[PDB]
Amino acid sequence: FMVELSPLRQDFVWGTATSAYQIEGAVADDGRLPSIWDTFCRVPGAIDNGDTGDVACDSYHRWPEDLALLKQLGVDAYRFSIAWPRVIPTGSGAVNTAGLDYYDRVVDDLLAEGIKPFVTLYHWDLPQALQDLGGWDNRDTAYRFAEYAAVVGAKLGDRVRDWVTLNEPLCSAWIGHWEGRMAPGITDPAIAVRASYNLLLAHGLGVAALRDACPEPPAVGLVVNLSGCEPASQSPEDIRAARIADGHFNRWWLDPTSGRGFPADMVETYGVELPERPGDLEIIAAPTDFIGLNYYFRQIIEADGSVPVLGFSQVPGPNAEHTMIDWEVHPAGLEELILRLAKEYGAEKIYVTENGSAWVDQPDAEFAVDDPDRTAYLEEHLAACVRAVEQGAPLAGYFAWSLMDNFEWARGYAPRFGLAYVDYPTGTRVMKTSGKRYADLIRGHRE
């Protein structure tokens, strides 16, 4: 199968993405202080194989090698994140000049190569010092985030015009505070729900902060990882369970940011008093200029009385193709979600801000990798995007996760999502077949 991209407008944005803690390394260099992920990596058993982000791809010291990869791809845009603990290391007060200078230089270099920066402000690396004050269970943290946004926007917002506030708040809140499998490893539904609230508040405050501080008007949006939630059977119990999952994973985030309040069925399900103050809902619903869709899989949901509060469990998806981390391959789910955002939520501009897959790579002695399953996954999901556009969805661009192999959080380095292979001992980056195919597809679309 070879995807046909001609229905996409010529101003479609072709991109690829990383995040700071997953690639940068240099965790104690040039004024950086620890984030909650630094701390989580010191907990025995938290990260598969005991991996850490101490070095990762060393992109703090090897940024030009990333830029060479980006030039090889020929992308229009690069989505990367700013490390909060590199810029305001304690999360309050003093700005760390060297940290901010690094990102200033990254922005200049991208623009010199004709690549637009798409900057994520919060990609999970909360400064540990703010976690020592309660972290996302402390409303103050949202105001700290807004202060940070204003510092970054004032510095970079003459050149950066496209901003993401938070990446995947579901992950921070539910997996970081309910399941405990991500930093800070808390396992408490009431804290998790309150953290979800203060995260959404931080998003709205950050929108306002950017519009106030950027020297040129920003385009700002939230990034949410969405998953179609479908019942394992047509029993009434399974149908309602899948709908509760849809609230938990999708509507909890989409509804209040769209001005629809928090969904009543989920408020009732959680039974947690939201830490709400007058005017908060209008802040959370701050007007945005796009929505960022991260998509990897749908979820098949069954009713499950053994799961406290939620009462549902995910079961394996039925498609034959699954990635190395057992994520079902289902490109139709991407088309559907793009359309839902366009039709059910009236989104005026949608980016796919993450999509990609992890497979077992077999590098040769020079780290060349031929990865036909990763390539085919890319091609099928691009075809799903094309079909959503043919059906009227305002899809403005696509960002492949990821530019290169990197630290995949609690799974460590084992899942390689890169279009480029990374030999971690040397930092050597070598484009895989998938990356070369992506470059060929971009060039073909533009011709």
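Position 1 is the first residue in the sequence shown; the rest follow in order.
Q: Of 242-250 and 229-237, which one has the bigger average CA B-factor?
A: Of 242-250 and 229-237, the stretch with the higher C-alpha B-factor average is 229-237.
Q: Between 64-72 and 409-417, which has the higher average C-alpha B-factor in the PDB entry?
A: Per the PDB record, 64-72.
Q: Quiz for you: based on the deposited Cα B-factor, which of 294, 97, 196, 92 is highest?
A: Reading the PDB entry, the winner on C-alpha B-factor is 97.
Q: Go through 28, 36, 422, 400 one by one and give the residue whose Cα B-factor in the PDB entry is largest.
A: Max CA B-factor in the entry, restricted to 28, 36, 422, 400: 28.
Q: Sorting by Cα B-factor within the chain, modelled residues only, which third would residue 159 end up in: lowest, middle or highest?
A: Within its chain, residue 159 is a lowest-third residue by C-alpha B-factor, going by the deposited values.
Q: Sorting the chain's modelled residues by C-alpha B-factor, tell me whether residue 386 ends up in the lowest, middle or highest third.
A: It belongs to the highest third of the chain when residues are ordered by C-alpha B-factor.
Q: Among the chain's modelled residues, which third holds the C-alpha B-factor of residue 144?
A: Answer is lowest: the recorded C-alpha B-factor places it there.
Q: Going by the CA temperature factor in the PDB record, which third of the chain does residue 12 belong to: lowest, middle or highest?
A: As the PDB entry reports it, the C-alpha B-factor of residue 12 lands in the highest third of its chain.
Q: Place residue 261 in the lowest, middle or highest third of its chain's C-alpha B-factors, as listed in the PDB entry.
A: For residue 261, whose C-alpha B-factor we compare with every modelled residue in the chain, the answer is the lowest third.
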